[PDB]
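Tertiary structure, described
Here is how the chains run, residue by residue.
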Amino acid sequence: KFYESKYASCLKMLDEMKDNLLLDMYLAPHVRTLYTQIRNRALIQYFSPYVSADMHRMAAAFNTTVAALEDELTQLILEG
Amino acid sequence: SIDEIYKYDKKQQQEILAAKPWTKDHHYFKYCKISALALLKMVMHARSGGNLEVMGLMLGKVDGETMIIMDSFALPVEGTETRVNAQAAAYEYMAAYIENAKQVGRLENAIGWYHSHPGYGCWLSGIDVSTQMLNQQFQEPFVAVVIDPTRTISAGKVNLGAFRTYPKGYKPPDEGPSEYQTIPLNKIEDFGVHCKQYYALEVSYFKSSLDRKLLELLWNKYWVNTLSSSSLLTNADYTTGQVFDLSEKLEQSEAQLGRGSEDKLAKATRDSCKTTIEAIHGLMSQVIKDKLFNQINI
Amino acid sequence: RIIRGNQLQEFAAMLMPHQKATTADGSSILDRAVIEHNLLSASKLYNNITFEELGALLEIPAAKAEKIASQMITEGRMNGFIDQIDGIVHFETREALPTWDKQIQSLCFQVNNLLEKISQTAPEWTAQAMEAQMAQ
Amino acid sequence: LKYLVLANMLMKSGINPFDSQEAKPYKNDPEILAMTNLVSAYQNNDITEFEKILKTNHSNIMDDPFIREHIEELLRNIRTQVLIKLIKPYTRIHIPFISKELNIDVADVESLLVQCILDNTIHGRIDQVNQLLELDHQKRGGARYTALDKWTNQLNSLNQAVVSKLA
Amino acid sequence: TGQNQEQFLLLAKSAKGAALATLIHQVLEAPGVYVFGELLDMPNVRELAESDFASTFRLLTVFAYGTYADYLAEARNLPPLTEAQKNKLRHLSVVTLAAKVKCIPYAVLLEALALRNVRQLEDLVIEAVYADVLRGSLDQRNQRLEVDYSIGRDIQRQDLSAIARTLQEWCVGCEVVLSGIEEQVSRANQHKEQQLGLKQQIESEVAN
Amino acid sequence: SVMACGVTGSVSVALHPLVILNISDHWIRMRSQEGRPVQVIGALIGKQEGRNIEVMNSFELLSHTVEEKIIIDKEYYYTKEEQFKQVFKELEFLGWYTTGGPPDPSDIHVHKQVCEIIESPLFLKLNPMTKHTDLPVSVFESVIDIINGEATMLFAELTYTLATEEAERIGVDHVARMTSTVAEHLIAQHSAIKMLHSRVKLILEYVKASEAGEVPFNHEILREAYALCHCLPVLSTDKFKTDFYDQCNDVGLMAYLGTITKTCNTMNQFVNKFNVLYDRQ
Ligand SMILES: [Zn+2]
């Protein structure tokens, strides 16, 4: 779903795994980094083929609100 | 007599070829006289190759310490600059061309070879030196002409050199001024290795009485082409290529100052000067055009 | 030159039935050749043109003008590009500084033609005023 | 032989099954003629013909599950190349136009364009607000400015290194 | 024009009042004939001025000096013209506009030629380029006509001086540029030699 | 004067000066060999882009005379073609050249032989014994007309321009001149401008002579001078202004970076010497 650009279902399944993978011995102390790295990468892969993109469709595709997406994107432009 | 040089004396050439005065002195040949026709044809061929090296044969004769080039013709060969004696692949073609030329009154025989160095100056590489040494061993009297069509255009002056090699083991005498040229970093190593294995002849040009007349009458209309040159964009990619090189040269000159070849910065400064001076001359022609045709009004 | 429908109507009437051969849906080889000729000819008159106007000038629907222009561009038989939102085809302009140099050439060639015509029609004054240049 | 032609088309692109050796006289068979038509349609990249043969020879192809599973992948493989032939003369192209030209839903057009630009098969970008494809075309003399850029960087570091000498 | 000049001058020297008056309607309704300088300067046509066929001479004056708007302002006095002659006069008006400026907007053309839609204007410009009257290209988006070359129509015996007024303005222009070079070249030497001299002084202090 | 003398044809011939020099050299060499002027004959090669013909190179042709008629050796030409196609692959046979005055019956006879090789060949004639002040080169096309029931070939003259190749211009200029970086670079422009200034002054003096009187009035010539006056200024558009100042700022920035490099070098020299005299390294 990450390769097919289906980021909604991808983050849905990833958040469904999150709490269960949090219980793993060696995997847990990285669960913050990995998930943040994945999400960010997804955001880039989503905006890669666009010159002008609607933020409402993007917020709906990333399971978040438009203002939260605006903050996240502002952070992603500032460094990423 | 302007046209005296066009007279061909076969017996006199045979007498000179039997005498072989060049065997008595390795600096025997000092001058290279090139016809306006051969110059134009070689520069036109060189430009037609674009950024790729081309080569051809030169027809002519000898007269004392002077080598005379009357005509030239392109050779359909691959590997100019990479293959030693690349001309050899055109042997058959050269024999037929000359045979056919003799049928129409071209009497002069092979006097040398020419090839182009697009955007990297007139000199002989290692491959060129091997080729010319072969030619001087088996085809003497022979001369090597090198033309830079790209620098001709950018400098507004013909960039041509005529060269002859020294035999294996023989050392040149004391005097060697060596007129400076910017050599790109991908060629400078080979240049330095072989630069003392040959010498440069003094080049001059000639034209006939009819050429003289026709060129004056051509000028009466060809002046229009001088005020519509547009040299800055015709071969732009050259100056941008040179700047790239200049940048890498400056990187090396910075590495020289870092901790610790003879002053790389001064060389790079003369290179940047030359490139910039050519660019400003281009702008000079453009501004001249703007002053003459645009600033007039009603 | 652009060939009009009317002029083709008369020419088509000059032909034998066998010479009016049709490729597909009723459209003839000639019909299509004339459209393509006219498109290329229009590319020499304009820097850019709308499909509505191009269709009107070529006496074809605007969609057909776009479709055939698009085909000719893809096939490499015409140089240009299409803006589908603005509905405009842009033809190879070749403008900027090279055009300025070519206009200077035209002006100076006009100068030479004018001097040659002065010398041909009145050589007396041509010589009389020619000596004045050497006098300065 | 049907699975061989399916593999010839999925390989991208064998396009010569009955031109090989043993399959030469078998192309005339009325059972596998559908695959000959489909492999020729895939060879020339025609979606209309491919779908016409898939509608005419419906039971001959879609009853078998091994061909039906990869027929969508194959269809998309044709659609990609036809789109590439369609985008060439345009600089800005409408999405609804492509939707009506390829005969595929607007959302699936944008999904195909997203996947295709991500794999670098189509050079351009999508304007989702105005619903169009802004194709990559704007190219000028950018080689000079990059050379001047590196010249600037090297001159910066050099002048710093020259001033570093004195104290 | 060139062939038509001799062809109609031959008839002009062998024609009288009414025949000349109809010949004016024949030269204006003929393709390629856009200059009427030799025909207007004829004594045979000078007789028609202030006579029975005065409006025809005024029509020839409009076709050789004036524009289509000048014809529209005096259409009640001037004889009626067909679509071909109206077109021709429009072509000549575009030539006058092109003589004024290089880039002509569609608005000025539509107002000066009295046209309603853009294609009519575009087709007239095509007819101009096809009759070798104008050279150039049309720009649809910016709504402008880019003129490359336009022919000469007006002879103007009294206003001839203006031509020289610009020619001299070009001459002086050249005379500046030339002198400029002469000076700059001189400066380029004036620096060089000076610098060489200075170097020769520095090199003389090496011995000390 | 048996030739066409009527309507124009292709009327787009661009001639390269290399071709003129080839023909001059051919004539000079044969004259040198025979000790008398000889009519020389050859082939013209180049490119054809629609109705634009570009004459780029030429080569000598072999011929014989049967009784009084000139016969071109066709086998020689096809051999030569096999040879030039190896090094000028993009070029094509465009026509032929010879030396002399206005076209004659012999030229038509030979032209028909060349027409057996290519469909519509050009004919170029060079007069090496010209008495006049204009370049003695003319170019012709052949037209096939019917005069009193006889289908005959005639020549129609074409106007031509000189080529605009930068390397060729520099070569030709260098040849024509045959003798600081600035002083020697703007001399060809200074001579070109001087030539233009002469033409402009001659036309201006013709205008004033006509207007003042005495000198014959001409509607057509002063009309063209009016048309020439209206061609000034060349390119006053805003796009051209943006492009001209783009050029000027590019060269300006490049000059600034070049001067920076030179000053960087001068700074390096100074500090290298200061660390020796005023400092102990
Ligand atoms: Zn070499």
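Residues numbered from 1 in each chain as written, not as in the entry; some residues may be left out. Chains lettered and ligands numbered in written order. Part of a larger assembly, values for the part shown. Heavy atoms only, no water.

Going by the annotation in the PDB entry, the name recorded for chain E is COP9 SIGNALOSOME COMPLEX SUBUNIT 7A, with Homo sapiens given as the source organism. Listed as the entry title in the PDB record is "Crystal structure of the COP9 signalosome". Note on chain E: under the UniProt heading Sequence similarities, the record states "Belongs to the CSN7/EIF3M family. CSN7 subfamily." (UniProt positions renumbered as here; feature names shortened; annotations may be inferred.)

Naming follows the PDB entry, where chain B appears as COP9 SIGNALOSOME COMPLEX SUBUNIT 5 of Homo sapiens.

Our next topic: the interface of chain B and chain F. The interface of chain B with chain F comprises 83 residues on the first partner and 79 residues on the second. The largest per-residue losses of area from chain B upon contact with chain F belong to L40(B), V104(B) and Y222(B), which jointly make up 9% of the total buried on that side. Linking chain B with chain F are 4 salt bridges, by the criterion used here. The closest approach of N and O atoms between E165(F) and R47(B), which form a salt bridge, is 4.0 Å. The interface formed by chain B and chain F contains 15 residue pairs in polar contact. Listed by contribution, the elements that provide at least two residues to the side of chain B that touches chain F are α2 (36-48), α3 (91-103), α5 (149-155), β8 (202-206), α7 (209-222), α8 (231-234), α9 (236-258) and α10 (264-293) of chain B. (Contact = heavy atoms within 4.5 Å. Buried area = accessible area lost by both parts, 1.4 Å probe. Salt bridge = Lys/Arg side-chain N within 4 Å of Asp/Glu carboxyl O. Polar contact = N/O pair within 3.5 Å; in protein donor to acceptor, adjacent residues only side chain to side chain. Helix = DSSP H or I, 4+ residues; strand = E, 2+ residues; numbered from the N terminus.)

Protein ligation of the zinc ion involves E81(B) (OE), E81(B) (OE), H115(B) (NE2), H117(B) (NE2), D128(B) (OD) and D128(B) (OD), the donor distances falling in the range 2.0 to 2.8 Å. One can describe the donor arrangement at the zinc ion as irregular, given that its 6 donor atoms subtend angles of 51 to 164 degrees at the metal. (Donors = N, O, S within 2.8 Å, 3.2 Å for Na, K, Ca; no water. Tetrahedral: all angles 85-135°; square planar, octahedral: opposite > 155°, others 65-115°.)

Strand pairing in a sheet takes place through backbone hydrogen bonds and is either antiparallel or parallel in direction. Residue and element names in this part refer to chain F. One open sheet holds the 8 strands; their spatial order is β9-β8-β7-β6-β2-β3-β1-β10, and the pairing between them is mixed. Each edge of the open sheet is held by one strand with a lone partner, namely β9 (150-158) and β10 (160-162). Each strand of the sheet is rotated relative to its neighbour by a mean of 35 degrees, with strand direction disregarded. Sitting on the sheet, helix α3 (residues 105-115) touches β6 (92-99), β7 (122-126), β8 (137-147) and β9, and the angle it makes with β9 is about 95 degrees. (Pairing = 2+ DSSP bridges. Axes fitted to C-alpha atoms, helices over the stretch in contact; angles between N-to-C directions.)

Looking now at the interface of chain D and chain B. Every contact between the two is made by 13 residues of chain D and, on the other side, 16 residues of chain B. Across the interface of chain D and chain B, roughly 1,300 Å² is buried in total on both sides, 66% from carbon and sulfur atoms. For the chain D face of the interface with chain B, the top three residues by lost area are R144(D), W151(D) and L158(D), together amounting to 40%. The tally of links between chain D and chain B comes to 1 salt bridge. In this structure, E251(B) engages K150(D) in a salt bridge whose closest nitrogen and oxygen atoms are separated by 3.3 Å. One can count 5 residue pairs in polar contact joining chain D with chain B.

Turning to the packing of aromatic side chains, a few remarks are in order. Scanning the model with the defined rule gives 34 aromatic pairs over all chains in all. On the basis of an interplanar angle of 50 degrees and a centroid distance of 5.6 Å, the ring pair of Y68(E) and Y71(E) is categorised as tilted. Linking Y68(E) with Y71(E), this pair stays in helix α6 (residues 68-73), spanning 3 residues, or about one helical turn. For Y68(E), a relative accessible area of 4% puts it in the buried group. Aromatic side chains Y77(F) and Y78(F) sit 5.2 Å apart centroid to centroid with 80 degrees between the ring planes, which places their arrangement in the edge-to-face category. Judged by relative accessible area, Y77(F) falls into the buried class, the value being 1%. When its relative accessible area of 37% is taken as the criterion, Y78(F) is described as partly exposed. Feature note: the residues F2(A), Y7(A), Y46(A), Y50(A) and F62(A) constitute an aromatic cluster, connected by ring pairs. The positively charged end of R90(E) is found above the aromatic ring belonging to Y68(E), 4.7 Å away from the centroid. A cation over an aromatic ring shows up here: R157(E) above the ring of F217(F), its NZ or CZ 5.0 Å from the ring centre. (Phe/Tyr/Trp six-rings, centres within 6.5 Å; stacked < 30°, edge-to-face > 60°. Buried < 20%, exposed > 50% of the residue type's maximum accessible area, 1.4 Å probe, protein only. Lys NZ or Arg CZ within 6 Å of the ring centre and 35° of its normal.)

What follows concerns the sheet that holds strand β3 (residues 88-91) of chain C. Spatially, the 10 strands line up as an open sheet ordered β1(A)-β2(D)-β3(D)-β1(D)-β2(C)-β3(C)-β1(C)-β2(E)-β3(E)-β1(E), and their pairing is mixed. Of all the strands in the sheet, the pair left with one neighbour each is β1 (50-52) of chain A together with β1 (103-105) of chain E. Across the sheet, the mean angle separating the axes of adjacent strands is 25 degrees when strand polarity is ignored. As paired elements, strand β2 (residues 80-83) of chain C and strand β1 (residues 90-94) of chain D share 2 bridges and run parallel to each other. From the neighbouring strand, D83(C) faces β1(D), where its bridge partner is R92(D). Helix α7 (residues 83-100) of chain E contacts β1, β2 (134-139) and β3 (144-150) of chain E of the sheet and is inclined by roughly 90 degrees relative to β3(E).

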